[PDB]
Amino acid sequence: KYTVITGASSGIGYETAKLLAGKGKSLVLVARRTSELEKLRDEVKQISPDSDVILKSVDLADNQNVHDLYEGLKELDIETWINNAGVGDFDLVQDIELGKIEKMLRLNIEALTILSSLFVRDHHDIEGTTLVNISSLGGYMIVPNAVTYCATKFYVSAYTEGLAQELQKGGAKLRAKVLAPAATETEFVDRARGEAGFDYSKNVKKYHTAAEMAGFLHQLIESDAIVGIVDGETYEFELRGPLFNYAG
């Protein structure tokens, strides 16, 4: 029985793999950097010798890549699916690189939608399955100079909040949860601005570590809440219900 983590090679996804390793889970680790994946597998195996680990070097910004990934995993007994892979961009709309933004839409929205839909299709009446989508506090609150990114996270928030409440109204066994982290110390900002070495310690007053966020992720799965969100003012992690208006 497997937990699937896209974007496992660094950051939130990486620390989540090490946490579920310590809980003895078997994992499917997806990302492009095979070198990083094989590195994380070794740590998983050292943490948890009897945990089986499958790697998938896959660029999820391509739509058939996404379909092929899920088709390759149907042989498997998946209890948890985590759409963690995701990139930002810090730029005015007038200055964006259309190709980077397009890649972002395809990763942040499409891959997550395709994978959520296929998983929902196949696991909606299977007891004990969970679907976790990673959004951001920026999916509930627009941040200046990250308009296009925030909009992809509002999509993930509204998508997953609606899907969660759809499954509840339908008595589905599958559970669907959305995580909304705040400043988390990952490679997200370096990747977003295109240059490495941004120092959270020196530049950001409030932020969680990736290992902390992996724990909040684990709390969310182990709970009845649809939303696990970091409050922007207190920086507390709160398990709670949907934030967006629902017509049901």
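Throughout, we count residues from 1 along the sequence that is shown.
Novice: Take the C-alpha B-factors listed in the entry for 121-129 and for 156-164, compute each mean, and give the stretch with the larger one.
Specialist: It is 121-129 that shows the higher mean C-alpha B-factor.
Novice: For the stretches 55-63 and 175-183, which has the higher mean C-alpha B-factor as given in the deposited record?
Specialist: Taking the mean B-factor of the alpha carbons in each, 55-63 is higher.
Novice: Based on the PDB record, which member of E75, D89, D95, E110 exhibits the highest Cα temperature factor?
Specialist: So the option with the highest C-alpha B-factor is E75.
Novice: For the C-alpha B-factor as written in the entry, point me to the maximum among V44, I221, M213, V28.
Specialist: Highest C-alpha B-factor among the listed options: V44.
Novice: Select lowest, middle or highest to describe the third in which the CA B-factor of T80 falls within its chain in this entry.
Specialist: For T80, whose C-alpha B-factor we compare with every modelled residue in the chain, the answer is the highest third.
Novice: Sorting the chain's CA B-factors, does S48 end up in the lowest, middle or highest third?
Specialist: As the PDB entry reports it, the C-alpha B-factor of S48 lands in the highest third of its chain.
Novice: Ordered by C-alpha B-factor within the chain, which third holds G232? Give me lowest, middle or highest, please.
Specialist: Ranked within chain, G232 CA B lands in the lowest tercile.
Novice: In terms of the chain's CA B-factor thirds, is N203 lowest, middle or highest?
Specialist: Highest third, going by the recorded CA B-factors of the chain.
Novice: Relative to the other modelled residues of the same chain, rank the CA B-factor of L69 and answer lowest, middle or highest third.
Specialist: Tercile = highest for this residue's CA B-factor.
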